[PDB]
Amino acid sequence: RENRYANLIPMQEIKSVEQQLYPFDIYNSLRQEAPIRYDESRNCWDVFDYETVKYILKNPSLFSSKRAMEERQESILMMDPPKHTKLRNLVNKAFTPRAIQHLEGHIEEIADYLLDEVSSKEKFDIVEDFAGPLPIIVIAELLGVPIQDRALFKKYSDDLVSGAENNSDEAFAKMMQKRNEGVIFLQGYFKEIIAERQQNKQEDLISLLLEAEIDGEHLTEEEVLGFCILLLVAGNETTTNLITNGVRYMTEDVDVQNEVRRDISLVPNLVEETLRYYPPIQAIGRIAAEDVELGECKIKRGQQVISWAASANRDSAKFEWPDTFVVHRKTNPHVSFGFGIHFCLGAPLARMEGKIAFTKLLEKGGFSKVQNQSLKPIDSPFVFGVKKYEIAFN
């Protein structure tokens, strides 16, 4: 309908598969050429510098999160205050570092179990065998939803972050058909689970959402569904890329792999530097709520504003050694989890999963990438990850 969400449409500067697999040199060039620019092919402003990206994310009154192509903004991701505040306050205490600490041993058990399934494999796909399943199992248990067919839910979860091949009408229609398929299955599935919990509450998050009251009324079914699908998709698609991207970097630069294996206290730094350097989410969308001058650029009420975390994370005004993977950084103020009121609810959980995933792989011993694979980027321009990544223990 040409009101298309620009975060789903690839920039024309990113063309080849090699560029999709490492777009950061191009973002860096764009940031230096013009840190804010209007892309005519996507009808949006792209923002590349750290200070302006942070400013946008910190100013929800100026830059709205209500960017659904449909009329209804369905989950807190797409809500502005005050509604955003009331719904997020329902769940914010479930996801703190203290709230999730008890899961550490259980997540270590899942990781050990998954790596046992590949101990006497020659090589294996880190995505299918480890990085994919682990976050799906964790988020399923937190939501309270059975997910025993992980491949099925992965397929449809992936559909919900898919983008268009280009800005053609046909490409957008193909993308919307994929996303529609994921909506049919995942919405249907959670509708059934919600009905089951309505009939018999359990000790799980879905049941809490059915019990909680906002303004003296229960959540609408649409509101509970929004939580379920957002938590499922955000909880697994990104984390899988965090783990895979870290394994990717550690096999592209074995110096880092060896140093962290030999000083495992560096794993939290490795997690943060993977987020900064290979961010699972490259770009965060907003809609200008009013006219806003960002420098000389005049952004008009209602225009799309795409903030490039992948570029901000390498802005040399903010980061020393921005294009170097450094596991000894004293601070790492990346925007890979966003910033401000929508700051990732799952960040403590993602950090724990990443820490455990990397630790278990490192403690199994040295590992290498299988050479002569043709990596396949995930087909969404706001995601950074590969569909498959084969490694082998030495």
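Residues carry their position along the shown sequence, with the first being 1.
Stretches 111-119 and 142-150 differ in mean C-alpha B factor, with the higher average recorded for 111-119. In this entry, the higher average B-factor at the C-alpha atoms falls on 66-74, of the pair 51-59 and 66-74.
Per the deposited record, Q199 carries the highest C-alpha B-factor of all listed residues (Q199, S307, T96, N313). In the PDB entry, the Cα temperature factor peaks, among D323, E272, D158, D169, at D169. Per the deposited record, the Cα B-factor of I378 falls in the middle third when ranked against the other modelled residues of its chain. Looking at the C-alpha B-factors along this chain, the one for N89 belongs to the middle third. Sort the chain's modelled residues by C-alpha temperature factor and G365 lands in the highest third, per the entry.
Ranked against the other modelled residues of its chain, the C-alpha B-factor of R329 as given in the entry falls in the middle third. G346 sits in the lowest third of its chain by CA B factor, as recorded in the PDB entry.
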